[PDB]
file protein.csv (CSV, C-alpha atoms)
chain,number,residue,atom,x,y,z
A,1,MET,CA,9.9,62.6,-40.7
A,2,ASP,CA,6.9,62.2,-43.0
A,3,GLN,CA,3.3,61.8,-41.7
A,4,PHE,CA,3.5,58.5,-43.5
A,5,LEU,CA,6.2,57.4,-41.0
A,6,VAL,CA,4.2,58.8,-38.0
A,7,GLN,CA,1.1,56.8,-39.0
A,8,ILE,CA,2.6,53.4,-39.9
A,9,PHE,CA,4.8,53.6,-36.7
A,10,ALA,CA,1.7,54.4,-34.6
A,11,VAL,CA,0.1,51.2,-36.0
A,12,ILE,CA,3.3,49.2,-35.1
A,13,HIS,CA,3.1,50.4,-31.5
A,14,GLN,CA,-0.3,48.7,-31.4
A,15,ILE,CA,1.1,45.2,-32.3
A,16,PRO,CA,0.4,42.9,-29.3
A,17,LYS,CA,2.4,40.0,-27.7
A,18,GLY,CA,2.8,36.8,-29.8
A,19,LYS,CA,1.0,38.4,-32.8
A,20,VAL,CA,2.5,39.7,-36.0
A,21,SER,CA,1.2,41.7,-39.0
A,22,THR,CA,2.1,42.3,-42.7
A,23,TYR,CA,3.2,45.5,-44.5
A,24,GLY,CA,0.0,45.3,-46.6
A,25,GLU,CA,-2.2,45.5,-43.5
A,26,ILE,CA,-0.1,48.2,-41.8
A,27,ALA,CA,-0.2,50.4,-44.9
A,28,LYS,CA,-4.0,50.1,-45.3
A,29,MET,CA,-4.6,50.7,-41.6
A,30,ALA,CA,-2.2,53.7,-41.6
A,31,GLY,CA,-4.2,55.2,-44.5
A,32,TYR,CA,-1.6,54.6,-47.3
A,33,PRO,CA,-2.9,51.7,-49.6
A,34,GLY,CA,-0.1,50.6,-51.9
A,35,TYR,CA,2.8,51.9,-49.8
A,36,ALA,CA,3.5,48.6,-48.0
A,37,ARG,CA,6.9,48.2,-49.8
A,38,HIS,CA,7.8,51.7,-48.5
A,39,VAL,CA,7.0,50.7,-44.9
A,40,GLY,CA,9.6,48.0,-45.1
A,41,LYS,CA,12.0,50.4,-46.8
A,42,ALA,CA,11.7,52.5,-43.6
A,43,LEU,CA,11.8,49.7,-41.0
A,44,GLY,CA,15.1,48.4,-42.6
A,45,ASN,CA,16.7,51.7,-41.6
A,46,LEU,CA,15.8,51.3,-37.9
A,47,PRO,CA,18.5,50.5,-35.2
A,48,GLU,CA,17.9,47.1,-33.5
A,49,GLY,CA,16.6,47.7,-30.0
A,50,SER,CA,14.8,51.0,-30.9
A,51,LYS,CA,11.8,52.1,-28.9
A,52,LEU,CA,9.7,51.3,-32.0
A,53,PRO,CA,9.4,47.4,-32.4
A,54,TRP,CA,10.4,46.8,-36.0
A,55,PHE,CA,10.6,42.9,-35.8
A,56,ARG,CA,6.8,42.6,-35.2
A,57,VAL,CA,5.9,43.6,-38.8
A,58,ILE,CA,6.8,41.2,-41.7
A,59,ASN,CA,6.0,40.9,-45.4
A,60,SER,CA,2.7,40.0,-47.0
A,61,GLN,CA,4.4,36.8,-48.1
A,62,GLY,CA,4.3,35.5,-44.5
A,63,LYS,CA,8.0,35.6,-44.1
A,64,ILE,CA,10.7,37.6,-42.4
A,65,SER,CA,11.4,41.0,-44.0
A,66,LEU,CA,15.2,41.1,-43.6
A,67,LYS,CA,17.7,38.4,-44.6
A,68,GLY,CA,21.1,37.0,-43.6
A,69,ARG,CA,22.0,37.9,-40.0
A,70,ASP,CA,19.1,40.2,-39.4
A,71,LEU,CA,16.8,37.3,-40.4
A,72,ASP,CA,17.9,35.3,-37.3
A,73,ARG,CA,18.1,38.6,-35.3
A,74,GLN,CA,14.4,39.4,-36.0
A,75,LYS,CA,13.7,35.6,-35.6
A,76,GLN,CA,15.1,35.7,-32.0
A,77,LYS,CA,13.0,38.8,-31.1
A,78,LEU,CA,10.0,36.8,-32.5
A,79,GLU,CA,10.9,33.7,-30.5
A,80,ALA,CA,11.0,35.9,-27.4
A,81,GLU,CA,7.3,36.6,-28.1
A,82,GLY,CA,6.6,32.9,-28.6
A,83,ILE,CA,6.6,32.9,-32.4
A,84,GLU,CA,7.5,30.0,-34.7
A,85,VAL,CA,10.2,30.9,-37.3
A,86,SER,CA,11.2,28.1,-39.7
A,87,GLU,CA,14.3,27.7,-41.9
A,88,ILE,CA,13.6,30.5,-44.5
A,89,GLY,CA,12.1,32.8,-41.8
A,90,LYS,CA,8.7,31.1,-42.3
A,91,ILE,CA,5.9,32.3,-39.9
A,92,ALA,CA,2.5,30.7,-39.9
A,93,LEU,CA,0.2,33.7,-40.1
A,94,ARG,CA,-2.9,31.4,-39.8
A,95,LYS,CA,-2.1,31.2,-36.0
A,96,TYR,CA,0.1,34.3,-35.5
A,97,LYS,CA,-2.3,36.7,-37.3
A,98,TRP,CA,-3.1,39.9,-35.5
A,99,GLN,CA,-6.8,40.2,-34.9
A,100,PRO,CA,-7.8,43.9,-34.3
A,101,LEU,CA,-11.5,43.0,-33.9
A,102,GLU,CA,-12.6,40.0,-31.8
call {"tool": "encode", "arguments": {"input": "protein.csv", "output": "structure tokens"}}
result
Amino acid sequence: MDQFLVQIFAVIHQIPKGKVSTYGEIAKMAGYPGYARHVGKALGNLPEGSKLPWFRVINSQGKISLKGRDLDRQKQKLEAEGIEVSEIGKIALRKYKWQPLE
């Protein structure tokens, strides 16, 4: 359990209802610029239904991080929050962007 994990997860616990964020943002806000790809490499190892909400953090491409079955599985957990997920796991960040400062 690296401090890297502790930090990025602490940021994930702060993701609100109906809003999502990207690995690029999470990494910078956690104090690890350029480790966005590593954040995803960690979330992919999480058990679905874990106390830590993995599904709320997607890629900087504006799409679902996992593919195949976990694509729709993440998608469903997003739909439960009221989030649009199109065919390729496409999420409109323009309206689902997490705004930490209003």
call {"tool": "residues_around", "arguments": {"input": "protein.csv", "residues": "range 76-86 of chain A", "least_positions_apart": "6", "cutoff": "7 Å", "atoms": "only C-alpha atoms", "output": "list in words"}}
result
residues 17, 18 and 55 of chain A
call {"tool": "write_last_selection", "arguments": {"input": "protein.csv", "atoms": "C-alpha atoms", "output": "compact mmCIF listing (two decimals), keeping the file's coordinate frame"}}
result
# COMPACT_ATOMS: atom_id res chain seq x y z
CA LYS A 17 2.40 40.00 -27.70
CA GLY A 18 2.80 36.80 -29.80
CA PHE A 55 10.60 42.90 -35.80
call {"tool": "closest_residue", "arguments": {"input": "protein.csv", "among": "A:36, A:15, A:10, A:1", "to": "residue 100 in chain A", "atoms": "all atoms listed in the file"}}
result
A:15
call {"tool": "closest_residue", "arguments": {"input": "protein.csv", "among": "A:87, A:102, A:40, A:20", "to": "residue 62 in chain A", "atoms": "all atoms listed in the file"}}
result
A:20
call {"tool": "closest_residue", "arguments": {"input": "protein.csv", "among": "A:12, A:54, A:46, A:59", "to": "residue 24 in chain A", "atoms": "all atoms listed in the file"}}
result
A:59
call {"tool": "residues_around", "arguments": {"input": "protein.csv", "residues": "residue 43 in chain A", "least_positions_apart": "5", "cutoff": "12 Å", "atoms": "only C-alpha atoms", "output": "count of residues only"}}
result
21
call {"tool": "atom_distance", "arguments": {"input": "protein.csv", "atom1": "CA of residue 61 in chain A", "atom2": "CA of residue 90 in chain A"}}
result
9.2 Å
call {"tool": "atom_distance", "arguments": {"input": "protein.csv", "atom1": "CA of residue 34 in chain A", "atom2": "CA of residue 6 in chain A"}}
result
16.7 Å
call {"tool": "closest_residue", "arguments": {"input": "protein.csv", "among": "A:75, A:41, A:51, A:63", "to": "residue 22 in chain A", "atoms": "all atoms listed in the file"}}
result
A:63
call {"tool": "build_atoms", "arguments": {"input": "protein.csv", "residues": "range 38-54 of chain A", "atoms": "N, CA and C atoms", "output": "PDB file, in the coordinates of the input"}}
result
ATOM      1  N   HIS A  38       7.100  50.541 -49.093  1.00  0.00           N
ATOM      2  CA  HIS A  38       7.800  51.700 -48.500  1.00  0.00           C
ATOM      3  C   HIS A  38       7.914  51.600 -46.998  1.00  0.00           C
ATOM      4  N   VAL A  39       6.918  50.992 -46.350  1.00  0.00           N
ATOM      5  CA  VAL A  39       7.000  50.700 -44.900  1.00  0.00           C
ATOM      6  C   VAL A  39       8.225  49.888 -44.567  1.00  0.00           C
ATOM      7  N   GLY A  40       8.407  48.791 -45.302  1.00  0.00           N
ATOM      8  CA  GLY A  40       9.600  48.000 -45.100  1.00  0.00           C
ATOM      9  C   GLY A  40      10.892  48.703 -45.431  1.00  0.00           C
ATOM     10  N   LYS A  41      10.857  49.560 -46.452  1.00  0.00           N
ATOM     11  CA  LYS A  41      12.000  50.400 -46.800  1.00  0.00           C
ATOM     12  C   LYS A  41      12.378  51.366 -45.676  1.00  0.00           C
ATOM     13  N   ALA A  42      11.414  51.644 -44.799  1.00  0.00           N
ATOM     14  CA  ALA A  42      11.700  52.500 -43.600  1.00  0.00           C
ATOM     15  C   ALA A  42      12.148  51.663 -42.419  1.00  0.00           C
ATOM     16  N   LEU A  43      11.482  50.535 -42.148  1.00  0.00           N
ATOM     17  CA  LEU A  43      11.800  49.700 -41.000  1.00  0.00           C
ATOM     18  C   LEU A  43      13.286  49.147 -41.127  1.00  0.00           C
ATOM     19  N   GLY A  44      13.716  48.848 -42.353  1.00  0.00           N
ATOM     20  CA  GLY A  44      15.100  48.400 -42.600  1.00  0.00           C
ATOM     21  C   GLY A  44      16.155  49.381 -42.180  1.00  0.00           C
ATOM     22  N   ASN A  45      15.746  50.629 -41.953  1.00  0.00           N
ATOM     23  CA  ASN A  45      16.700  51.700 -41.600  1.00  0.00           C
ATOM     24  C   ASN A  45      16.720  51.916 -40.059  1.00  0.00           C
ATOM     25  N   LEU A  46      15.913  51.150 -39.325  1.00  0.00           N
ATOM     26  CA  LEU A  46      15.800  51.300 -37.900  1.00  0.00           C
ATOM     27  C   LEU A  46      16.986  50.546 -37.154  1.00  0.00           C
ATOM     28  N   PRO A  47      17.491  51.116 -36.042  1.00  0.00           N
ATOM     29  CA  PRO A  47      18.500  50.500 -35.200  1.00  0.00           C
ATOM     30  C   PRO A  47      17.874  49.378 -34.294  1.00  0.00           C
ATOM     31  N   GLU A  48      18.425  48.166 -34.323  1.00  0.00           N
ATOM     32  CA  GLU A  48      17.900  47.100 -33.500  1.00  0.00           C
ATOM     33  C   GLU A  48      17.894  47.405 -32.029  1.00  0.00           C
ATOM     34  N   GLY A  49      16.730  47.326 -31.395  1.00  0.00           N
ATOM     35  CA  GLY A  49      16.600  47.700 -30.000  1.00  0.00           C
ATOM     36  C   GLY A  49      15.957  49.099 -29.833  1.00  0.00           C
ATOM     37  N   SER A  50      15.539  49.697 -30.948  1.00  0.00           N
ATOM     38  CA  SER A  50      14.800  51.000 -30.900  1.00  0.00           C
ATOM     39  C   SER A  50      13.515  50.900 -30.158  1.00  0.00           C
ATOM     40  N   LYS A  51      13.070  52.031 -29.604  1.00  0.00           N
ATOM     41  CA  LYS A  51      11.800  52.100 -28.900  1.00  0.00           C
ATOM     42  C   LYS A  51      10.631  51.563 -29.722  1.00  0.00           C
ATOM     43  N   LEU A  52      10.713  51.797 -31.028  1.00  0.00           N
ATOM     44  CA  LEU A  52       9.700  51.300 -32.000  1.00  0.00           C
ATOM     45  C   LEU A  52      10.081  49.782 -32.322  1.00  0.00           C
ATOM     46  N   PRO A  53       9.151  48.838 -32.065  1.00  0.00           N
ATOM     47  CA  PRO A  53       9.400  47.400 -32.400  1.00  0.00           C
ATOM     48  C   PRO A  53       9.252  47.081 -33.855  1.00  0.00           C
ATOM     49  N   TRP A  54      10.384  47.043 -34.549  1.00  0.00           N
ATOM     50  CA  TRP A  54      10.400  46.800 -36.000  1.00  0.00           C
ATOM     51  C   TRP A  54      10.089  45.295 -36.314  1.00  0.00           C
TER      52      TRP A  54
END
